[PDB]
Amino acid sequence: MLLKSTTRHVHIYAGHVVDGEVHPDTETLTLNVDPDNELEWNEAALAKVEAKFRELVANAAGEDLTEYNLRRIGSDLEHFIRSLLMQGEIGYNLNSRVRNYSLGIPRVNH
Amino acid sequence: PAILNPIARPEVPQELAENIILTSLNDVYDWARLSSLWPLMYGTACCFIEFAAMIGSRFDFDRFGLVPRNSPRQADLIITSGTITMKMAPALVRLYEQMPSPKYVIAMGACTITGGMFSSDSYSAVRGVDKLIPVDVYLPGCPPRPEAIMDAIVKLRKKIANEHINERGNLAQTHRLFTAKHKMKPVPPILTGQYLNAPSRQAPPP
Amino acid sequence: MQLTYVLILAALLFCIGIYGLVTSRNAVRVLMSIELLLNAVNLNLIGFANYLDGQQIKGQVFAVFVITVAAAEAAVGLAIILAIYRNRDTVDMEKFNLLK
Amino acid sequence: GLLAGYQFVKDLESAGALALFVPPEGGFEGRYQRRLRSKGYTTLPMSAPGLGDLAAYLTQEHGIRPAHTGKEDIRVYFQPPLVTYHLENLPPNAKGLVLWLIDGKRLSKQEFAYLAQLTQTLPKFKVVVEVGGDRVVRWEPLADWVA
Amino acid sequence: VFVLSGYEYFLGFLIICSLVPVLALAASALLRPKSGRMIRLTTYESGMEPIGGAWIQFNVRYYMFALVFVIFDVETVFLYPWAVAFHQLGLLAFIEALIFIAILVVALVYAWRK
Amino acid sequence: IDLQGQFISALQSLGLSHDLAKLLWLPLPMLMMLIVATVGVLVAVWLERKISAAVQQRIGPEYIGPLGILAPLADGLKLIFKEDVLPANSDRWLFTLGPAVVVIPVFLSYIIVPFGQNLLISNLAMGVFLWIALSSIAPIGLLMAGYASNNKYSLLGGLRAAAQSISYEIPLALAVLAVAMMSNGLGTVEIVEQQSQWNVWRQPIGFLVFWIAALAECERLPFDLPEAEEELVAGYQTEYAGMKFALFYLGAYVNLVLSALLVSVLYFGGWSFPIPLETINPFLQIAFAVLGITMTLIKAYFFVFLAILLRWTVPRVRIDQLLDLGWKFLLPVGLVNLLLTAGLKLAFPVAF
Amino acid sequence: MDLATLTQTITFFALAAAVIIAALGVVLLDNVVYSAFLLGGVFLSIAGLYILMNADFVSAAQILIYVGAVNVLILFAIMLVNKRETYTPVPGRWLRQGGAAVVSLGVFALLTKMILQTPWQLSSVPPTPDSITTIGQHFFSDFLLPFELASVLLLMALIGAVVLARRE
Ligand code: SF4
């Protein structure tokens, strides 16, 4: 059965989405960055997140398949997203939905 | 690096409607989903006991139409009631996401919007449910007066009315998804039955 | 609406029930076809009762006894199938060949 | 009433600052907010019990000092103004930036007068305040209801 | 020939009652969010995910009652015209039907003692 | 006033093919009974919702409308507006067809409830027996909802819904056989025109039998095991979210209303302010029609009231304490009542 | 040439098409649960066909016993014996079908050759509506032995199934 790490705007599983199911395979490691649209994504920053994920699974993982490890990966991605969202690549969506600043309020960098 | 955590400056703004026959029907739509919010009995700590006292007869919440419901699928609201440890959190995302789309959230307590007292020197608490699901209304206070929950529901009801019917595009999920082969040596599940049928309980060793 | 096509429809259920009676792989799927056959005969009887012998219906009573006995016999059949499922642990009717 | 048009929007565009006397159920006021969003206005409610001088959070740039809990010694964030930032993050075809305040009872006369005077200056900006009360949703200019 | 008089409402009402579900349910898809198909399709096992294997450990605890129900439910169909004709019949058909009922009661006692 | 006659004649005066005229009067009562059925559902929901608050020193909805009058309106409109979800391995045909199967026959059984003489749809010579028949179709829909769901949690509690519904139909049948003795047949008009000055006094036992077997149609907290919220969450319903759950909800309450109306017509009568009515003329017919309708609704309301009032007085029973009512208290007693009524009609054929 | 006889005709052909289609669904579909529900559909359609033929009691009884009780019993017995239906094919899986088909088809034609050749006795008299009092009279005038003897039939069937499915 699945072994997942469901934070906000990072959901990681251990199967292969065929049409909307997941089908745990033990080796596919899907990802679902920001489903709820807390952030407005570009084509570049999202690729940076993708590459971080790829070089964070393969480059440093050779131990068991616990939820501990996937949760650690999700934490590293959710900190990388802070970095992208502070530096100013991506930003909040502003839409008339919730607008809760889960990551941070806007600063000015004095 | 000039305005950190910025706003995105959208375009193609919203293309709202203006005719009266549709906006009155929108008012009926919102009033209907409004005045019959059906919560989910989700209890983890004393916030649930105040929610239970809210069920009671000193002051119910059956009026303005709330039925405490037991399953997520029939439900419309998670009044998040208690602390969210790091071992029950997926058992909350799997209750939230496993629910129909026009659904709302209330975060009662301080142990579930910043971790409260357990926001420091704790190693198993989630310091805010707003980093698990999109909280829609916040009310503070470890155990709050359960009539304050009805203030939060007043404040949530005047936000359901703030919605529009040609605006349900901000209600689905985009699923920006990927795949990655790996090598992490799967282990067997050590979480089964076998509490008394295990050989070691019926076996004083040598 | 005529007697002729009622008889033909019943005969067609009879044919289909035979097809399901010979084609069956399972063992619970045979009683279903048998019940179809019994339904067909009931249908013939009711047709005869309406058209041929009306002022004293006499085939409707016989159909009552038919549905009675068919229910009882289906009960007993499923009881037997529950028991063979205990030993062989299947209902693949082509595994019940104890002769060569 | 049971059905209302867009005269609320005209009253708001005329006066600049209204004061809703909705009931204490919060079920029959968000529709007028919708009628505003149905025109081009964009909203931001930010719950006055939590606003300070109302010249530092709206006009000027102020310093928010988050919660340290023994860890992470005192630090500022300097969030920008609420009225010169959302007003610049509008879409292109934006008529204005209305301002909603849920709990207005807790505020005082002085900042009511300030918010009223702030409608004329800083043009594309309007105000509404939900001062709870009457059993029928009626409104009044916010220059009135004071002095 | 059709002597039942009292139908021609059963038909149309079977139609309209088979048409309320399909129509109240078709008046939902016209106005509702669409599918949300990734993880909202999973099966409710109280927050946690299902274990696996997923069998039931079947039992006769619900079969045998259906069996005896089939018996005693076939039986009642022999009693409605008895009750309805009890005006016309009188005696020697009550004596002749309490035999039926007594043998039924013997079956009931058999199922009861087990 | 024979409204059928004037409707057909006035419509036959401008032509329209008199057979076609007799054809075009069909849908009017056929939808009027749907109107009063839906209204009875709304009333039953509001009644339970306020009386379950009176029992507890509580106050039900008063902010929806004046007094919660518009609460089930909100519920229904919402459940229209909600998303529907079809879980992973569940079947597509059976899932959205279970609730239809369990809901339809309860509506279809409204072709026998009188509300007044010649103020019903098509008095069938079979009548109540057709209700006993159509009520046995619900377990198929329940098992459909159980099988058409990967939720073992559901199927484990959908089989016990086809264990009580398949258990409280035999005494439900015997208690109405005991009425078929008296009334020369099975039609409701004949069950009730036998009362001209009531069967409860002569069926003091079958009343309890019918009324316990009707409450226990997967309805009320004395049993309602397949929706045992505390034992196992909503049983077979927990995967039904939008309008399908509304179909189940509707079905429960409308079946309760049908049970109340049917106890009224069987044992008390949808007429008959208890004096021998018709001892005291269109303007008088329109008066006694209203009087009979009103008294019918009085008795139906009293039974709805008692039914909902057991829900908050009577903790549930596991499954063995339940099925030891059927075949051990309702079925032997129903047989005894049947034999008693038979013997008494044989000895004392007068009064029956 | 009428509206009242036209509804009977249309209803009859609709019910007959439903019967045939649902029986073919019972017999041809690989999954058996669908077959059981379609069998219930067959039973309902046949109960609706009987009403056209002036049999209402037996129709309600078919709806009360077969679909009500027997079909539920089959829906229990089927999940009693579901194990993912892991059946490997045989080489002659087609052969048997073909044989059955032609055999079955022949019978139909043969029966049809009878049904259209023999001069039935239509007996033009209006039937009787009271098809329930008459059956009561026949259970105690003509067909009394089957009543009294189906009693012990049901007893014996209960005694049999109770001691053939018992778990021991
Ligand atoms: S916030 Fe207070 S009431 Fe809520 S769980 Fe924490 S300590 Fe308990």
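Since every read-out is calculated from the coordinates, none of them should be taken as a lab result. Quick reminder, even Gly has a Cβ in these numbers, built from the backbone with ideal geometry, and neighbours come from all protein chains shown.
Looking at B:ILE78, B:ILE21, can you tell me which residue is within 16 Å of the ligand (Cβ to nearest atom), of a type in the set (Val, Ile, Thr) and not in a loop (DSSP other than H, G, I, E, B)?
Of the residues listed, the single one that is within 16 Å of the ligand (Cβ to nearest atom), of a type in the set (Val, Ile, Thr) and not in a loop (DSSP other than H, G, I, E, B) is B:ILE78.
Please work out which residue is surrounded by the most Cβ atoms within 10 Å (Cβ to Cβ), limiting yourself to region C:15-45 and to residues that are of a type in the set (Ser, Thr, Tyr) and facing chain G (nearest Cβ under 8 Å).
Ranking the candidates gives C:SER33 first.
In region E:20-35, how many residues are of a type in the set (A, V, I, L, M, F, W, C), surrounded by 12 or more Cβ atoms within 10 Å (Cβ to Cβ) and assigned to a loop (DSSP other than H, G, I, E, B)?
Summing the residues that are of a type in the set (A, V, I, L, M, F, W, C), surrounded by 12 or more Cβ atoms within 10 Å (Cβ to Cβ) and assigned to a loop (DSSP other than H, G, I, E, B) in region E:20-35 gives 1.
B:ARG157 passes all but one of (1) away from the ligand (no atom under 12 Å from the Cβ); (2) under 28 Å from F:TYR63 (Cβ atoms); (3) in contact with a strand residue (DSSP E or B) (Cβ under 9 Å, 6 or more places away or on another chain); which number fails?
Only one criterion in (1) away from the ligand (no atom under 12 Å from the Cβ); (2) under 28 Å from F:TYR63 (Cβ atoms); (3) in contact with a strand residue (DSSP E or B) (Cβ under 9 Å, 6 or more places away or on another chain) is unmet by B:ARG157, namely (3).
Tell me which residues, restricted to region B:148-159, are facing another protein chain (nearest Cβ under 7 Å) and of a type outside the set (D, E, K, R).
Passing the criteria: only B:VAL154.
Please work out if A:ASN69 is within 13 Å of chain E (Cβ to nearest Cβ) and not in a loop (DSSP other than H, G, I, E, B).
no
Inside region E:77-100, can you point out the residues that are buried (at least 19 other Cβ atoms within 10 Å of the Cβ) and either under 21 Å from the mean Cα position of the chain (by Cα) or β-branched (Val, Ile, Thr) (or both)?
E:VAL77, E:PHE78, E:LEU79, E:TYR80, E:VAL84
Within region F:81-108, which residues are farther than 18 Å from F:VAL254 by Cα and assigned to a helix (DSSP H, G or I)?
Within region F:81-108, F:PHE81, F:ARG92, F:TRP93, F:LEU94, F:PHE95 meet the criteria.
Among what's in region B:81-110 and is more than 7 Å from every other protein chain (Cβ to nearest Cβ) and of a type in the set (S, T, N, Q), pick the residue that is farthest from the ligand (Cβ to nearest atom).
Among those residues, the one meeting the criterion is B:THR85.
Among (1) part of a strand (DSSP E or B); (2) touching an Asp or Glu at 6+ places or on another chain (Cβ under 8 Å), which single condition is B:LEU177 missing?
(2)
For region F:28-80, how many residues meet the condition of being outside any helix (DSSP H, G or I), under 26 Å from D:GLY26 (Cα atoms) and not hydroxyl-bearing (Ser, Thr, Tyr)?
The number of residues fulfilling the criteria is 13.
Check A:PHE53 against each of (1) within 14 Å of chain E (Cβ to nearest Cβ); (2) buried (at least 17 other Cβ atoms within 10 Å of the Cβ); (3) over 20 Å from B:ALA172 (Cα atoms) and name the one condition it does not meet.
(1)
With the checklist (1) away from the ligand (no atom under 14 Å from the Cβ); (2) assigned to a helix (DSSP H, G or I); (3) more than 14 Å from chain E (Cβ to nearest Cβ) in hand, flag the one item B:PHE64 doesn't pass.
Every condition holds for B:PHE64 apart from (2).
For region B:34-52, check the following and say yes or no: at least one residue is within 16 Å of the ligand (Cβ to nearest atom), among the β-branched types (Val, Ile, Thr) and on the phi < 0 side of the Ramachandran plot.
For region B:34-52, residues within 16 Å of the ligand (Cβ to nearest atom), among the β-branched types (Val, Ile, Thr) and on the phi < 0 side of the Ramachandran plot: present.
Please enumerate the residues belonging to region E:32-69 that are among the basic types (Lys, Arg) and at the interface with chain B (Cβ under 8 Å from one of its Cβ atoms).
E:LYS34, E:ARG40
Conditions (1) more than 14 Å from chain D (Cβ to nearest Cβ); (2) away from the ligand (no atom under 16 Å from the Cβ); (3) among the charged types (D, E, K, R), marked per residue:
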position	(1), (2), (3)
B:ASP130	yes, no, yes
B:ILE165	no, yes, no
B:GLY169	yes, yes, no
B:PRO189	yes, yes, no
B:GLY193	yes, yes, no
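Which condition from (1) over 24 Å from F:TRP312 (Cβ atoms); (2) more than 12 Å from chain B (Cβ to nearest Cβ) is the one that F:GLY40 breaks?
(1)
Yes or no: F:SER154 within 14 Å of chain G (Cβ to nearest Cβ), among the small types (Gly, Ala, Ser) and either over 22 Å from F:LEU225 (Cβ atoms) or surrounded by fewer than 24 Cβ atoms within 10 Å (Cβ to Cβ) (or both)?
no
Suppose we filter G:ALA47, G:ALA16, G:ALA22 for residues that are part of a helix (DSSP H, G or I), of a type in the set (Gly, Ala, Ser) and at the interface with another protein chain (Cβ under 8 Å from one of its Cβ atoms); which single one remains?
G:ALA16
Residues checked against (1) within 30 Å of A:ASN42 (Cβ to Cβ); (2) of a type in the set (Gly, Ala, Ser):
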site	(1), (2)
B:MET99	no, no
B:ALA107	no, yes
B:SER119	no, yes
B:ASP130	yes, no
B:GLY141	no, yes
B:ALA152	no, yes
B:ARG157	no, no
B:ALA161	no, yes
B:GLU167	yes, no
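For region D:7-25, which residues satisfy the criterion of being part of a helix (DSSP H, G or I) and among the small types (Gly, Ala, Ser)?
Within region D:7-25, D:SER14, D:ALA15 meet the criteria.
Checking D:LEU97 against (1) under 12 Å from the mean Cα position of the chain (by Cα); (2) within 29 Å of B:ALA110 (Cα to Cα), which test does it fail?
Against the list (1) under 12 Å from the mean Cα position of the chain (by Cα); (2) within 29 Å of B:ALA110 (Cα to Cα), D:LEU97 comes up short only on (2).
Taking B:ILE113 as the residue in question, decide whether it is within 15 Å of the ligand (Cβ to nearest atom), in contact with a helix residue (DSSP H, G or I) (Cβ under 7 Å, 6 or more places away or on another chain) and not in a loop (DSSP other than H, G, I, E, B).
Considered against the rule, which asks whether it is within 15 Å of the ligand (Cβ to nearest atom), in contact with a helix residue (DSSP H, G or I) (Cβ under 7 Å, 6 or more places away or on another chain) and not in a loop (DSSP other than H, G, I, E, B), B:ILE113 comes out as no.
Report whether or not F:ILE205 is under 29 Å from E:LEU108 (Cα atoms) and not aromatic (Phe, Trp, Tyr).
yes
Mind listing just one residue for me: the one in region G:114-148 that is more than 7 Å from chain E (Cβ to nearest Cβ) and within 23 Å of the chain's Cα centre (by Cα) and, of those, surrounded by the most Cβ atoms within 10 Å (Cβ to Cβ)?
Looking at the filtered set, the residue picked out is G:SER131.
Between a residue in region B:122-149 that is at positive phi and any residue that is within 11 Å of the ligand (Cβ to nearest atom) and assigned to a loop (DSSP other than H, G, I, E, B), which pairs come within a Cβ distance under 8 Å, given they are 6 or more apart or on different chains?
B:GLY128/B:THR112; B:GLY128/B:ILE113; B:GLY128/B:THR114; B:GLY128/B:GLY115; B:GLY141/B:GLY109; B:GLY141/B:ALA110
Run B:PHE118 past the list (1) within 14 Å of chain E (Cβ to nearest Cβ); (2) within 16 Å of the ligand (Cβ to nearest atom) and report the number of the one that doesn't hold.
B:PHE118 satisfies all of (1) within 14 Å of chain E (Cβ to nearest Cβ); (2) within 16 Å of the ligand (Cβ to nearest atom) except (1).
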